[PDB]
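Trainee: Just one file: run.cif, with mmCIF, C-alpha atoms.
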data_work
loop_
_atom_site.group_PDB
_atom_site.id
_atom_site.type_symbol
_atom_site.label_atom_id
_atom_site.label_comp_id
_atom_site.auth_asym_id
_atom_site.auth_seq_id
_atom_site.Cartn_x
_atom_site.Cartn_y
_atom_site.Cartn_z
ATOM 1 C CA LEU A 1 97.581 91.047 106.763
ATOM 2 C CA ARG A 2 98.461 87.638 105.262
ATOM 3 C CA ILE A 3 96.801 84.146 105.295
ATOM 4 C CA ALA A 4 98.750 80.797 105.090
ATOM 5 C CA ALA A 5 97.648 77.665 103.070
ATOM 6 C CA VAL B 1 63.264 98.478 119.739
ATOM 7 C CA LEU B 2 62.554 95.974 122.634
ATOM 8 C CA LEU B 3 65.033 93.351 121.229
ATOM 9 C CA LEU B 4 68.179 93.423 119.007
ATOM 10 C CA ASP B 5 69.647 90.384 117.221
ATOM 11 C CA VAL B 6 73.375 90.953 118.086
ATOM 12 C CA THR B 7 76.548 88.857 117.703
ATOM 13 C CA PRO B 8 77.437 87.944 121.320
ATOM 14 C CA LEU B 9 81.061 87.206 120.184
ATOM 15 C CA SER B 10 83.529 88.445 117.502
ATOM 16 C CA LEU B 11 83.763 86.644 114.106
ATOM 17 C CA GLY B 12 86.768 86.475 111.752
ATOM 18 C CA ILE B 13 89.623 84.382 110.370
ATOM 19 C CA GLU B 14 93.089 82.974 111.154
ATOM 20 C CA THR B 15 95.915 85.261 109.855
ATOM 21 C CA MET B 16 99.737 84.574 109.706
ATOM 22 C CA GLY B 17 101.192 83.453 113.104
ATOM 23 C CA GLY B 18 97.867 81.881 114.279
ATOM 24 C CA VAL B 19 96.153 85.230 115.187
ATOM 25 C CA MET B 20 92.333 85.575 115.151
ATOM 26 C CA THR B 21 91.755 88.726 113.056
ATOM 27 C CA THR B 22 88.158 90.036 113.674
ATOM 28 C CA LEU B 23 85.810 90.970 110.735
ATOM 29 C CA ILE B 24 82.497 91.559 112.662
ATOM 30 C CA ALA B 25 82.941 92.943 116.245
ATOM 31 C CA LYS B 26 81.084 91.543 119.328
ATOM 32 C CA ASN B 27 77.668 93.139 120.118
ATOM 33 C CA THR B 28 77.243 94.118 116.415
ATOM 34 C CA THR B 29 73.514 94.129 115.457
ATOM 35 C CA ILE B 30 72.358 91.946 112.469
ATOM 36 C CA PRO B 31 72.064 92.259 109.563
ATOM 37 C CA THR B 32 75.677 93.344 108.787
ATOM 38 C CA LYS B 33 78.369 92.959 106.076
ATOM 39 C CA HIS B 34 82.102 93.755 106.645
ATOM 40 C CA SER B 35 84.913 93.009 104.143
ATOM 41 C CA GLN B 36 88.722 93.237 104.391
ATOM 42 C CA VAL B 37 91.519 92.671 101.814
ATOM 43 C CA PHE B 38 94.298 90.190 102.856
ATOM 44 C CA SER B 39 97.319 88.735 100.970
ATOM 45 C CA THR B 40 99.645 85.663 100.786
ATOM 46 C CA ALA B 41 102.123 84.719 103.600
ATOM 47 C CA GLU B 42 104.510 82.934 101.144
ATOM 48 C CA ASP B 43 106.025 83.719 97.669
ATOM 49 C CA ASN B 44 104.263 81.898 94.728
ATOM 50 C CA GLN B 45 101.489 80.804 97.192
ATOM 51 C CA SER B 46 98.700 79.294 94.993
ATOM 52 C CA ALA B 47 95.917 79.123 97.684
ATOM 53 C CA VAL B 48 94.710 80.424 101.104
ATOM 54 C CA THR B 49 92.876 78.487 103.854
ATOM 55 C CA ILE B 50 90.005 80.617 105.264
ATOM 56 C CA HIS B 51 89.565 79.383 108.850
ATOM 57 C CA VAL B 52 86.339 80.957 110.292
ATOM 58 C CA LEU B 53 86.515 81.669 114.049
ATOM 59 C CA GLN B 54 84.122 82.765 116.855
ATOM 60 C CA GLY B 55 85.370 84.234 120.177
ATOM 61 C CA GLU B 56 87.475 86.977 121.854
ATOM 62 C CA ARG B 57 90.936 85.274 122.314
ATOM 63 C CA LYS B 58 93.904 86.623 120.227
ATOM 64 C CA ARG B 59 95.224 83.028 119.578
ATOM 65 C CA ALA B 60 93.167 81.388 116.740
ATOM 66 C CA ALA B 61 93.307 77.982 118.549
ATOM 67 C CA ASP B 62 91.669 79.433 121.778
ATOM 68 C CA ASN B 63 88.587 80.411 119.660
ATOM 69 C CA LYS B 64 85.636 78.319 118.328
ATOM 70 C CA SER B 65 86.218 77.026 114.736
ATOM 71 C CA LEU B 66 83.041 77.539 112.590
ATOM 72 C CA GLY B 67 84.601 75.667 109.600
ATOM 73 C CA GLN B 68 87.323 76.204 106.948
ATOM 74 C CA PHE B 69 87.462 76.446 103.083
ATOM 75 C CA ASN B 70 90.182 77.033 100.414
ATOM 76 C CA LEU B 71 90.465 79.553 97.575
ATOM 77 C CA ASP B 72 92.743 77.920 94.875
ATOM 78 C CA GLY B 73 93.951 79.508 91.595
ATOM 79 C CA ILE B 74 96.197 82.325 92.961
ATOM 80 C CA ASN B 75 98.608 83.080 90.070
ATOM 81 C CA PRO B 76 102.332 83.132 90.949
ATOM 82 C CA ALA B 77 103.291 86.409 92.736
ATOM 83 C CA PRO B 78 105.598 87.687 95.491
ATOM 84 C CA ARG B 79 103.939 87.366 98.944
ATOM 85 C CA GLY B 80 101.857 90.400 100.081
ATOM 86 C CA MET B 81 100.945 91.382 96.485
ATOM 87 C CA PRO B 82 97.767 89.295 95.784
ATOM 88 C CA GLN B 83 94.447 90.897 96.924
ATOM 89 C CA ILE B 84 92.146 88.345 98.638
ATOM 90 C CA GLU B 85 88.958 90.175 99.727
ATOM 91 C CA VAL B 86 87.174 88.389 102.617
ATOM 92 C CA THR B 87 83.481 89.297 103.231
ATOM 93 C CA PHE B 88 81.493 88.354 106.377
ATOM 94 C CA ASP B 89 77.749 88.894 105.721
ATOM 95 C CA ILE B 90 75.122 88.038 108.440
ATOM 96 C CA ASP B 91 71.499 88.312 107.077
ATOM 97 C CA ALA B 92 68.115 88.962 108.868
ATOM 98 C CA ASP B 93 67.677 85.133 109.395
ATOM 99 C CA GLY B 94 71.029 85.066 111.350
ATOM 100 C CA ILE B 95 72.992 83.133 108.595
ATOM 101 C CA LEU B 96 76.749 83.988 108.160
ATOM 102 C CA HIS B 97 78.125 83.969 104.582
ATOM 103 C CA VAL B 98 81.948 84.177 104.323
ATOM 104 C CA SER B 99 83.340 84.746 100.794
ATOM 105 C CA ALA B 100 87.030 84.956 99.743
ATOM 106 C CA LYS B 101 87.674 86.497 96.273
ATOM 107 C CA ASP B 102 90.951 86.795 94.257
ATOM 108 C CA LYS B 103 90.565 90.397 92.938
ATOM 109 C CA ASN B 104 93.007 89.361 90.080
ATOM 110 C CA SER B 105 91.504 86.027 88.802
ATOM 111 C CA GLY B 106 87.850 86.908 89.738
ATOM 112 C CA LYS B 107 87.704 83.457 91.512
ATOM 113 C CA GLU B 108 85.518 83.035 94.677
ATOM 114 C CA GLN B 109 84.737 80.415 97.374
ATOM 115 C CA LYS B 110 82.081 80.771 100.125
ATOM 116 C CA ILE B 111 81.107 78.881 103.288
ATOM 117 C CA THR B 112 77.604 79.235 104.821
ATOM 118 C CA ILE B 113 77.197 78.814 108.605
ATOM 119 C CA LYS B 114 73.735 78.193 110.185
ATOM 120 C CA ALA B 115 72.490 80.842 112.704
ATOM 121 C CA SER B 116 72.632 77.893 115.205
ATOM 122 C CA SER B 117 76.413 77.099 114.763
ATOM 123 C CA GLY B 118 79.105 78.202 117.270
ATOM 124 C CA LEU B 119 78.972 78.645 121.060
ATOM 125 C CA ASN B 120 75.766 78.307 123.202
ATOM 126 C CA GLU B 121 74.779 80.814 125.943
ATOM 127 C CA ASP B 122 77.026 79.275 128.698
ATOM 128 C CA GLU B 123 80.141 78.852 126.473
ATOM 129 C CA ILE B 124 79.776 82.542 125.383
ATOM 130 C CA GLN B 125 79.735 83.804 129.022
ATOM 131 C CA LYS B 126 82.621 81.281 129.607
ATOM 132 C CA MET B 127 84.595 82.513 126.499
ATOM 133 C CA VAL B 128 84.100 86.165 127.692
ATOM 134 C CA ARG B 129 85.522 85.288 131.200
ATOM 135 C CA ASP B 130 88.651 83.722 129.565
ATOM 136 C CA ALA B 131 89.158 86.834 127.331
ATOM 137 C CA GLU B 132 89.150 89.145 130.441
ATOM 138 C CA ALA B 133 91.216 86.553 132.465
ATOM 139 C CA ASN B 134 93.885 86.157 129.699
ATOM 140 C CA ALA B 135 94.110 89.828 128.500
ATOM 141 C CA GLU B 136 97.775 89.890 129.643
ATOM 142 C CA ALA B 137 98.748 86.494 128.114
ATOM 143 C CA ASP B 138 96.928 87.137 124.786
ATOM 144 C CA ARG B 139 98.660 90.557 124.636
ATOM 145 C CA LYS B 140 102.126 88.856 125.118
ATOM 146 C CA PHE B 141 101.182 86.311 122.371
ATOM 147 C CA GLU B 142 100.175 89.204 120.024
ATOM 148 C CA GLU B 143 103.586 90.903 120.631
ATOM 149 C CA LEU B 144 105.584 87.685 119.801
ATOM 150 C CA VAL B 145 103.500 87.209 116.545
ATOM 151 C CA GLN B 146 104.101 90.885 115.590
ATOM 152 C CA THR B 147 107.856 90.467 116.462
ATOM 153 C CA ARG B 148 108.041 87.150 114.499
ATOM 154 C CA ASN B 149 106.369 88.881 111.469
ATOM 155 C CA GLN B 150 108.755 91.912 111.752
ATOM 156 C CA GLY B 151 111.701 89.445 112.005
ATOM 157 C CA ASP B 152 110.539 87.445 108.945
ATOM 158 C CA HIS B 153 109.997 90.714 106.928
ATOM 159 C CA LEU B 154 113.607 91.770 107.801
ATOM 160 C CA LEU B 155 114.681 88.174 106.902
ATOM 161 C CA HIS B 156 112.896 87.946 103.472
ATOM 162 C CA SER B 157 113.559 91.654 102.518
ATOM 163 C CA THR B 158 117.327 91.391 103.334
ATOM 164 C CA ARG B 159 117.736 88.222 101.123
ATOM 165 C CA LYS B 160 116.004 89.978 98.127
ATOM 166 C CA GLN B 161 118.241 93.104 98.546
ATOM 167 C CA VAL B 162 121.411 90.862 98.716
ATOM 168 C CA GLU B 163 120.397 89.137 95.404
ATOM 169 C CA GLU B 164 119.461 92.565 93.866
ATOM 170 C CA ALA B 165 122.855 93.999 95.078
ATOM 171 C CA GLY B 166 125.175 91.204 93.736
ATOM 172 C CA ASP B 167 128.776 92.476 93.267
ATOM 173 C CA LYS B 168 127.917 95.952 94.826
ATOM 174 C CA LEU B 169 128.033 94.439 98.402
ATOM 175 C CA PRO B 170 131.609 94.112 99.825
ATOM 176 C CA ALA B 171 132.069 90.295 100.392
ATOM 177 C CA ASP B 172 133.012 91.312 104.043
ATOM 178 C CA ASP B 173 129.467 92.793 104.587
ATOM 179 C CA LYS B 174 127.914 89.709 102.827
ATOM 180 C CA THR B 175 129.706 87.258 105.257
ATOM 181 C CA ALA B 176 128.383 89.243 108.302
ATOM 182 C CA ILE B 177 124.805 89.667 106.922
ATOM 183 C CA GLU B 178 124.577 85.955 105.816
ATOM 184 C CA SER B 179 125.523 84.808 109.390
ATOM 185 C CA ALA B 180 122.972 87.254 110.981
ATOM 186 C CA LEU B 181 120.205 86.020 108.573
ATOM 187 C CA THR B 182 120.996 82.338 109.424
ATOM 188 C CA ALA B 183 120.844 83.253 113.146
ATOM 189 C CA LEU B 184 117.618 85.346 112.702
ATOM 190 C CA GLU B 185 115.957 82.521 110.710
ATOM 191 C CA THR B 186 116.966 80.112 113.568
ATOM 192 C CA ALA B 187 115.526 82.496 116.250
ATOM 193 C CA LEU B 188 112.206 82.810 114.306
ATOM 194 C CA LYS B 189 111.771 78.975 114.723
ATOM 195 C CA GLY B 190 111.576 79.583 118.531
ATOM 196 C CA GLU B 191 109.329 81.303 121.129
ATOM 197 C CA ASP B 192 111.837 83.798 122.729
ATOM 198 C CA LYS B 193 110.922 87.347 121.539
ATOM 199 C CA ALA B 194 114.025 88.935 123.184
ATOM 200 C CA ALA B 195 116.263 86.585 121.109
ATOM 201 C CA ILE B 196 114.363 87.362 117.827
ATOM 202 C CA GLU B 197 114.799 91.134 118.581
ATOM 203 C CA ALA B 198 118.541 90.511 119.326
ATOM 204 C CA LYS B 199 119.125 88.805 115.915
ATOM 205 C CA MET B 200 117.109 91.710 114.361
ATOM 206 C CA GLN B 201 119.411 94.197 116.240
ATOM 207 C CA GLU B 202 122.492 92.294 114.917
ATOM 208 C CA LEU B 203 121.141 92.301 111.289
ATOM 209 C CA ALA B 204 120.562 96.120 111.355
ATOM 210 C CA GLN B 205 124.125 96.701 112.711
ATOM 211 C CA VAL B 206 125.884 94.710 109.902
ATOM 212 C CA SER B 207 123.501 95.791 107.036
ATOM 213 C CA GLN B 208 124.039 99.620 107.129
ATOM 214 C CA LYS B 209 126.036 99.273 103.838
ATOM 215 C CA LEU B 210 123.432 96.892 102.214
ATOM 216 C CA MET B 211 120.710 99.498 103.037
ATOM 217 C CA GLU B 212 122.682 102.306 101.195
ATOM 218 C CA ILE B 213 122.942 100.247 97.942
ATOM 219 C CA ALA B 214 119.202 99.265 98.207
ATOM 220 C CA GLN B 215 118.074 102.927 98.728
ATOM 221 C CA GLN B 216 120.403 103.986 95.781
ATOM 222 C CA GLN B 217 118.748 101.543 93.226
#
Using structure tokens, write down the structure that the file contains.
Mentor:
Amino acid sequence: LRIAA
Amino acid sequence: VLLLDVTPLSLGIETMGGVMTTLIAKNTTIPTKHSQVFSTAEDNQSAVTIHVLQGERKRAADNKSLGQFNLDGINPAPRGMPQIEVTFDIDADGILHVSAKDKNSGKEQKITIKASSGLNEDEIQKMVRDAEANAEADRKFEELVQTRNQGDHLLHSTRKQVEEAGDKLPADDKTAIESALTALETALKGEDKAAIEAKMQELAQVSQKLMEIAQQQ
């Protein structure tokens, strides 16, 4: 699972 | 034994596509500490925004924001390769500590959130009613996010493999794949799942040769 900026 | 301090609502962060991902489940008893490793959405991404959320809705924006903080200093890498460990820790006094840590650089940023922050007793009961009321809608939103993220994986993975393949790919397959990727990228801008899936279907049907080369290497 990935997080944006 | 006559009372428990419990979390009345779920706690966690915004993940790619505007999803609330839960770290500490509803009706968990304090104190508690859960951690989970996440990664970067974008190639050469240098930082992550940790958006801390309270509630039971699948859309991040339908939940209560408890605050946000950045972890900077992520060294250049392909997306999905950096290890950002996120830790939610609620202590005996009811204070929530959220840490994000780059397992490569050692770097760390925290936010601390008073026991008193977030939704009051009404708003909780309210929030719960909306979760049960919007189970269908939130489910449909989850499926479009998942579909978007499958579409974008197919998008980004197919471009890599084309570059990696160079002269191996018959120009005729390249033309067909490039047009499907353009169309898939366009569809991903939108809100129609069926159409994203249809551009994904089209990509698979013109790529069967690209996939052989990729496997081979």
Trainee: Just want the 8 Å neighbourhood of residue A:2, counted on only C-alpha atoms, with same-chain residues fewer than 6 positions away dropped. Output as a list in words.
Mentor: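 Result of the neighbour search: residues 15, 16, 38, 39, 40, 41 and 80 of chain B.
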Trainee: Write out as an NGL selection string each polymer residue whose atoms come within 12 Å of residue A:4, counting all atoms listed in the file; drop sequence neighbours fewer than 2 positions from it.
Mentor: (:A and (1-2)) or (:B and (13-19 or 38-51 or 70-71 or 79-80 or 84))
Trainee: What does the distance from atom CA of residue B:169 to atom CA of residue B:203 come to in Å, to one decimal?
Mentor: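 Answer for the atom CA of residue B:169 to atom CA of residue B:203 separation: 14.8 Å.
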Trainee: Please indicate the distance in Å from atom CA of residue B:102 to atom CA of residue B:60, rounded to one decimal place.
Mentor: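 Separation of atom CA of residue B:102 and atom CA of residue B:60: 23.2 Å.
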Trainee: What would the selection look like, as a PyMOL selection string, if the PyMOL selection byres ((chain B and resi 96) around 6) were run on the coordinates I just shared?
Mentor: chain B and resi 89-90+95+97+112-113
Trainee: Which one is closest to residue A:3: B:142, B:85, B:5, B:56? Count all atoms listed in the file.
Mentor: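 Using all atoms listed in the file, the shortest distance to residue A:3 belongs to B:85.
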Trainee: Hey, which of B:98, B:195, B:53, B:206 ends up closest to residue B:178? Count all atoms listed in the file.
Mentor: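 Of B:98, B:195, B:53, B:206, the one nearest residue B:178 is B:206, counting all atoms listed in the file.
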